[PDB]
file entry33.pdb (PDB, C-alpha atoms)
MODEL        1
ATOM      1  CA  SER P 703     -27.806 178.096 114.137  1.00  0.00           C
ATOM      2  CA  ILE P 704     -28.595 174.477 115.028  1.00  0.00           C
ATOM      3  CA  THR P 705     -28.238 173.394 118.663  1.00  0.00           C
ATOM      4  CA  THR P 706     -28.373 169.805 119.900  1.00  0.00           C
ATOM      5  CA  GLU P 707     -30.197 168.803 123.087  1.00  0.00           C
ATOM      6  CA  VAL P 708     -30.121 165.304 124.600  1.00  0.00           C
ATOM      7  CA  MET P 709     -32.852 163.911 126.853  1.00  0.00           C
ATOM      8  CA  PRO P 710     -33.192 160.435 128.395  1.00  0.00           C
ATOM      9  CA  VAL P 711     -36.504 158.636 127.929  1.00  0.00           C
ATOM     10  CA  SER P 712     -36.309 155.149 129.455  1.00  0.00           C
ATOM     11  CA  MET P 713     -33.925 152.943 131.407  1.00  0.00           C
ATOM     12  CA  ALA P 714     -33.361 149.199 131.556  1.00  0.00           C
ATOM     13  CA  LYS P 715     -36.186 146.905 132.647  1.00  0.00           C
ATOM     14  CA  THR P 716     -35.007 144.415 135.265  1.00  0.00           C
ATOM     15  CA  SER P 717     -36.592 141.704 137.385  1.00  0.00           C
ATOM     16  CA  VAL P 718     -35.297 139.464 140.168  1.00  0.00           C
ATOM     17  CA  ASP P 719     -36.320 135.953 141.163  1.00  0.00           C
ATOM     18  CA  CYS P 720     -36.628 136.227 144.933  1.00  0.00           C
ATOM     19  CA  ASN P 721     -36.366 132.534 145.847  1.00  0.00           C
ATOM     20  CA  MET P 722     -33.311 131.974 143.650  1.00  0.00           C
ATOM     21  CA  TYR P 723     -31.569 135.083 144.993  1.00  0.00           C
ATOM     22  CA  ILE P 724     -32.152 134.398 148.705  1.00  0.00           C
ATOM     23  CA  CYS P 725     -32.021 130.579 148.898  1.00  0.00           C
ATOM     24  CA  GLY P 726     -30.440 129.254 145.723  1.00  0.00           C
ATOM     25  CA  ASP P 727     -31.563 125.667 145.001  1.00  0.00           C
ATOM     26  CA  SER P 728     -31.792 124.886 148.737  1.00  0.00           C
ATOM     27  CA  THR P 729     -34.908 123.130 150.004  1.00  0.00           C
ATOM     28  CA  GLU P 730     -34.216 123.800 153.696  1.00  0.00           C
ATOM     29  CA  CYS P 731     -33.931 127.541 153.056  1.00  0.00           C
ATOM     30  CA  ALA P 732     -36.935 127.565 150.702  1.00  0.00           C
ATOM     31  CA  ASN P 733     -39.181 126.234 153.467  1.00  0.00           C
ATOM     32  CA  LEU P 734     -37.788 128.946 155.764  1.00  0.00           C
ATOM     33  CA  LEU P 735     -38.427 131.651 153.159  1.00  0.00           C
ATOM     34  CA  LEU P 736     -42.180 130.966 153.216  1.00  0.00           C
ATOM     35  CA  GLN P 737     -42.187 132.140 156.850  1.00  0.00           C
ATOM     36  CA  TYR P 738     -41.458 135.674 155.586  1.00  0.00           C
ATOM     37  CA  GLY P 739     -44.639 135.387 153.574  1.00  0.00           C
ATOM     38  CA  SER P 740     -45.817 137.900 150.954  1.00  0.00           C
ATOM     39  CA  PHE P 741     -42.425 139.632 150.927  1.00  0.00           C
ATOM     40  CA  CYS P 742     -41.278 138.833 147.379  1.00  0.00           C
ATOM     41  CA  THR P 743     -44.625 139.306 145.624  1.00  0.00           C
ATOM     42  CA  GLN P 744     -44.751 142.862 147.023  1.00  0.00           C
ATOM     43  CA  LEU P 745     -41.317 143.377 145.393  1.00  0.00           C
ATOM     44  CA  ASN P 746     -41.902 141.790 141.987  1.00  0.00           C
ATOM     45  CA  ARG P 747     -45.059 143.920 141.762  1.00  0.00           C
ATOM     46  CA  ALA P 748     -42.913 147.064 142.024  1.00  0.00           C
ATOM     47  CA  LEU P 749     -40.374 145.829 139.482  1.00  0.00           C
ATOM     48  CA  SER P 750     -43.095 144.877 136.976  1.00  0.00           C
ATOM     49  CA  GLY P 751     -44.657 148.317 137.424  1.00  0.00           C
TER      50      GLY P 751
ATOM     51  CA  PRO S 507      -6.748 118.296 150.478  1.00  0.00           C
ATOM     52  CA  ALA S 508      -8.391 116.317 153.248  1.00  0.00           C
ATOM     53  CA  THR S 509      -6.721 113.789 155.549  1.00  0.00           C
ATOM     54  CA  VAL S 510      -9.202 112.365 158.091  1.00  0.00           C
ATOM     55  CA  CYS S 511     -12.976 111.927 157.712  1.00  0.00           C
ATOM     56  CA  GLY S 512     -15.823 109.615 158.457  1.00  0.00           C
ATOM     57  CA  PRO S 513     -17.468 106.480 157.046  1.00  0.00           C
ATOM     58  CA  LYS S 514     -19.745 107.329 154.123  1.00  0.00           C
ATOM     59  CA  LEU S 515     -19.849 105.133 151.043  1.00  0.00           C
ATOM     60  CA  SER S 516     -19.018 106.663 147.674  1.00  0.00           C
ATOM     61  CA  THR S 517     -21.454 106.843 144.763  1.00  0.00           C
ATOM     62  CA  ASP S 518     -20.886 107.047 141.006  1.00  0.00           C
ATOM     63  CA  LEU S 519     -21.042 110.409 139.261  1.00  0.00           C
ATOM     64  CA  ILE S 520     -24.306 111.539 137.670  1.00  0.00           C
ATOM     65  CA  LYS S 521     -23.806 114.296 135.099  1.00  0.00           C
ATOM     66  CA  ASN S 522     -26.246 116.687 133.384  1.00  0.00           C
ATOM     67  CA  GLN S 523     -28.926 115.976 135.977  1.00  0.00           C
ATOM     68  CA  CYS S 524     -30.329 117.829 139.001  1.00  0.00           C
ATOM     69  CA  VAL S 525     -28.719 115.953 141.910  1.00  0.00           C
ATOM     70  CA  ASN S 526     -27.683 116.430 145.530  1.00  0.00           C
ATOM     71  CA  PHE S 527     -23.899 116.161 145.579  1.00  0.00           C
ATOM     72  CA  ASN S 528     -21.502 115.701 148.500  1.00  0.00           C
ATOM     73  CA  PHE S 529     -17.830 116.360 147.696  1.00  0.00           C
ATOM     74  CA  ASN S 530     -15.566 116.086 150.774  1.00  0.00           C
ATOM     75  CA  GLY S 531     -18.288 117.471 153.023  1.00  0.00           C
ATOM     76  CA  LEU S 532     -19.697 120.120 150.649  1.00  0.00           C
ATOM     77  CA  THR S 533     -23.429 119.476 150.509  1.00  0.00           C
ATOM     78  CA  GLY S 534     -25.167 121.241 147.646  1.00  0.00           C
ATOM     79  CA  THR S 535     -27.629 120.990 144.778  1.00  0.00           C
ATOM     80  CA  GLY S 536     -27.046 121.463 141.068  1.00  0.00           C
ATOM     81  CA  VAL S 537     -26.214 119.831 137.767  1.00  0.00           C
ATOM     82  CA  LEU S 538     -22.708 118.577 137.025  1.00  0.00           C
ATOM     83  CA  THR S 539     -20.761 119.020 133.786  1.00  0.00           C
ATOM     84  CA  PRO S 540     -17.145 118.320 132.796  1.00  0.00           C
ATOM     85  CA  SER S 541     -14.973 121.399 133.173  1.00  0.00           C
ATOM     86  CA  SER S 542     -12.052 122.988 131.350  1.00  0.00           C
ATOM     87  CA  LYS S 543     -11.064 125.160 134.324  1.00  0.00           C
ATOM     88  CA  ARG S 544      -7.581 125.103 135.833  1.00  0.00           C
ATOM     89  CA  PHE S 545      -6.875 124.736 139.551  1.00  0.00           C
ATOM     90  CA  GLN S 546      -3.813 125.014 141.714  1.00  0.00           C
ATOM     91  CA  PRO S 547      -2.210 121.672 142.681  1.00  0.00           C
ATOM     92  CA  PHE S 548      -3.654 121.953 146.219  1.00  0.00           C
ATOM     93  CA  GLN S 549      -7.045 123.569 145.537  1.00  0.00           C
ATOM     94  CA  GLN S 550     -10.324 121.717 146.095  1.00  0.00           C
ATOM     95  CA  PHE S 551     -13.146 124.102 145.123  1.00  0.00           C
ATOM     96  CA  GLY S 552     -13.615 127.408 143.338  1.00  0.00           C
ATOM     97  CA  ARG S 553     -15.746 130.398 144.283  1.00  0.00           C
ATOM     98  CA  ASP S 554     -17.376 133.338 142.513  1.00  0.00           C
ATOM     99  CA  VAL S 555     -17.920 137.038 143.179  1.00  0.00           C
TER     100      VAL S 555
ENDMDL
END
call {"tool": "encode", "arguments": {"input": "entry33.pdb", "output": "structure tokens"}}
result
Amino acid sequence: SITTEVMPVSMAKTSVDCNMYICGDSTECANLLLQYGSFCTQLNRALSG
Amino acid sequence: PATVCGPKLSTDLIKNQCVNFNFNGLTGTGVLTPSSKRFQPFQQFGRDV
């Protein structure tokens, strides 16, 4: 008898641009996003991992 | 559609170029292309999800 067994291996790789998601094409918001410094690098590091 | 608003001079359209637009008091930033979309007779702008 032959029995099938299914197992997942990987999922989709995704990445987000932080500046474009928070303040899309806005210069006044992009200068105010630098005040929350080192908050998007710590996030893109996790997604790349 | 708008009825009363203040004294700002109008400027010619610049298409396919990263500009700062101002349509009836809607400040933004993006590139402008001709559209095939369909509006209502009274509608002024369209939104997304």
call {"tool": "closest_residue", "arguments": {"input": "entry33.pdb", "among": "S:551, S:526, S:545, S:540", "to": "chain P", "atoms": "all atoms listed in the file"}}
result
S:526
call {"tool": "interface_residues", "arguments": {"input": "entry33.pdb", "of": "chain S", "to": "chain P", "cutoff": "8 Å", "atoms": "all atoms listed in the file", "output": "VMD selection string"}}
result
chain S and resid 534 to 536
call {"tool": "atom_distance", "arguments": {"input": "entry33.pdb", "atom1": "CA of residue 532 in chain S", "atom2": "CA of residue 738 in chain P"}}
result
27.2 Å
call {"tool": "atom_distance", "arguments": {"input": "entry33.pdb", "atom1": "CA of residue 716 in chain P", "atom2": "CA of residue 537 in chain S"}}
result
26.2 Å
call {"tool": "residues_around", "arguments": {"input": "entry33.pdb", "residues": "range 512-518 of chain S", "least_positions_apart": "6", "cutoff": "10 Å", "atoms": "all atoms listed in the file", "output": "ChimeraX atom specification"}}
result
/S:527-529,531
call {"tool": "write_last_selection", "arguments": {"input": "entry33.pdb", "atoms": "C-alpha atoms", "output": "short mmCIF file (atom, residue, chain, number, x, y, z; two decimals), keeping the file's coordinate frame"}}
result
data_model
loop_
_atom_site.label_atom_id
_atom_site.label_comp_id
_atom_site.auth_asym_id
_atom_site.auth_seq_id
_atom_site.Cartn_x
_atom_site.Cartn_y
_atom_site.Cartn_z
CA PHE S 527 -23.90 116.16 145.58
CA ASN S 528 -21.50 115.70 148.50
CA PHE S 529 -17.83 116.36 147.70
CA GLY S 531 -18.29 117.47 153.02
#
call {"tool": "axis_aligned_box", "arguments": {"input": "entry33.pdb", "around": "range 731-737 of chain P", "padding_each_side": "6 Å", "output": "lines of an AutoDock Vina configuration file"}}
result
center_x = -38.1
center_y = 129.2
center_z = 153.8
size_x = 20.3
size_y = 17.9
size_z = 18.1
call {"tool": "resolve_selection", "arguments": {"input": "entry33.pdb", "expression": "the PyMOL selection byres ((chain P and resi 719-725) around 12)", "output": "ChimeraX atom specification"}}
result
/P:716-718,726-736,738-747,749-750 /S:534-535
call {"tool": "atom_distance", "arguments": {"input": "entry33.pdb", "atom1": "CA of residue 520 in chain S", "atom2": "CA of residue 539 in chain S"}}
result
9.1 Å
call {"tool": "closest_residue", "arguments": {"input": "entry33.pdb", "among": "S:507, S:530, S:524, S:519", "to": "residue 546 in chain S", "atoms": "only C-alpha atoms"}}
result
S:507
